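In what follows, one protein chain appears twice in different forms, each by itself as structure tokens: structure 1 and structure 2.
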Structure 1
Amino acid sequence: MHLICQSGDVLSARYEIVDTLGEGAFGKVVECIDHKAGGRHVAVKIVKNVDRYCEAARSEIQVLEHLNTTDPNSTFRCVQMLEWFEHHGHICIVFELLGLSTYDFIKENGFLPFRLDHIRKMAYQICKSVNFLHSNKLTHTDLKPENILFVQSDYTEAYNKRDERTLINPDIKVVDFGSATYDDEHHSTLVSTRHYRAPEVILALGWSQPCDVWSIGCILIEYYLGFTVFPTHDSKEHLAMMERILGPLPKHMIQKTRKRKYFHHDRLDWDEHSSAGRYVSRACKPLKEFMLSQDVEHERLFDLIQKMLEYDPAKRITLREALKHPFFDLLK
């Protein structure tokens, strides 16, 4: 990868690398001048020449071809692919250029949270975008702040606690369709590492579009706080955190699951006095205690978040319903 993505490199006799925009598991995204499109700047996703990742890239290209034909005006804010090609055996996907991810923005802003008015706008766009995927028999599966990109991330700075950066325009798009799965496709029952895994994913109960809703609830809490309420990679710890924040797992889900490794009799097999246990007790608390204000717009936000973090994926709010929530009435 190091060998093919340096500034000044030309890809496909067309795209001149001017900068690296980011790095992920899949490889790297670079900013290029498109010399056959009048010098337009584009993003180019450079994928690792590794089976797993090439496969995911071919899949993302098929999804994006479908989405971009279905929504040619990008009314629903999914990243627009321009074309793709191969370069020294690596799959390269060309995208309209976007700005900094929401994750990166929070990081470069000292983990300061977004202002509620910006959260409302961003939440609405993310809901409408992902609802579009849901309407086309797709599940994203990997929604997280790192996969939500600002269209343009210019900001202003002012003293508040501390100095803060505030977006001038908080418009976003949804990116990374390398994990997106169609309804009639084989669903990975092993879901791999994810920022925010839904309980039905952890418990191998089956997953579909509701698992996106769960992730979006988690995104919204992270936007409001500046940090995730589930600071863990471990699946049992994650369940332990869920119980602290959201209450006990429903009996009916515990009864159904084959993941008996997490359970002992009817209850989570969790030692509250272990290292991980003590940390969970410190780091997690009931959802609504995370509120920074009791003001009604905060209550509106937290009501939506709680609905998105409903354990049972059948009962969980759909995006179509979330779009009609009171939190969004100010945008009407």
Structure 2
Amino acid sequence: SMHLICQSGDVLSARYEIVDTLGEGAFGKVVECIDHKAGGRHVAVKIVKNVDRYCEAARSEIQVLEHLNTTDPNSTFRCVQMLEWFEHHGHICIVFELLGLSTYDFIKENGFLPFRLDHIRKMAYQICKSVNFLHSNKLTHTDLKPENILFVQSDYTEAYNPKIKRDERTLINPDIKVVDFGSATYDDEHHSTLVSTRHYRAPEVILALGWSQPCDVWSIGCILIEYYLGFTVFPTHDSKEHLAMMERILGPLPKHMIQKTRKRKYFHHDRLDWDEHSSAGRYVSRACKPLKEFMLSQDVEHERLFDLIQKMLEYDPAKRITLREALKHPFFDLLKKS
């Protein structure tokens, strides 16, 4: 199907003319369209694959966004605005306001270089504010990651930069919005055992101990460190290796979580069953190091960020910092009148 109905020049619902593809996924694609009933405004349309799993998630996303856009019509809390939805040759399509590049695509197109710290501060504040708004509404996002944080506009300036010895684009406006509510779950809804893209998955999720709002905070921690480094901090598709990476960076997992998990697979006698002298052992031993060794400067602003990240990456979800608390963290002081 989808190839046949998402091409450039196609008209959806007698209204939206497809210009180009913005992104694609296993869920389907997002295309930029010209809205001919609204004077030519460009919009984004998500065309969802006709697979039950993804239809369910799309119907779900629509319910959630009706709730949020009603609660917050002006988008004070930076959730993307849904404009409408329709069916088109058996595919659910959801129309959104058009935004710029995701934070992932920006990093990628900049050669996997990090953001500047002042931009990270602004973006981090907005992300925390947005997701804390979700948390206030008895929702957990579950799939936060740089692909799901989008710049409102990705206009830019380009300057030669002898630090990188290369030309470089700098964002004008670092404002962002959060997208993708298809996994968002209410406190009183059923909680699936597997959630999150694996690189941003919390230890309570990996160990199947239950999860709720705090698993978003873990994800945000992961995001912030990737903005700082410009690469993914847990580059792996194996759950055991992932846990090994956590140990190398954050230290060993709390005994009480280990004893409690149904996945005794990963462990022997209250410690991770992992051979450091193995090959993957040495991969982890060199791709990963203690959190604070990732710092590129001893300047206090850097230390403030790393303190915050550390608190986000607390193993025990019951002890992990909440976004309410995180928004008062000293790292954000520079954004406030003192």
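So that the term is clear: the rigid core is the largest set of C-alpha atoms that superpose within 1.5 Å between two forms. Counting starts at 1 with the first residue of structure 1 and goes up one by one along its sequence.
Enquirer: Superposing on the rigid core, which residue among 152, 74, 135, 192 shifts its Cα by at least 2 Å between structures 1 and 2?
Expert: Once the cores are aligned, the residue moving by 2 Å or more is 192.
Enquirer: Using a superposition on the rigid core, decide whether the Cα position of residue 293 changes by 2 angstroms or more between structures 1 and 2.
Expert: No.
Enquirer: Would you say residue 274 moves its Cα by 2 Å or more between structures 1 and 2, aligning on the core?
Expert: Shift at residue 274: 2 Å or more after core fit.
Enquirer: What Cα shift, in Å, does residue 39 show between structures 1 and 2 once the core is superposed?
Expert: It moves 1.2 Å at the C-alpha.
Enquirer: Report, to one decimal in Å, how far the Cα of residue 177 moves between structures 1 and 2 once the rigid core is superposed.
Expert: C-alpha displacement of residue 177 between structures 1 and 2: 0.5 Å.
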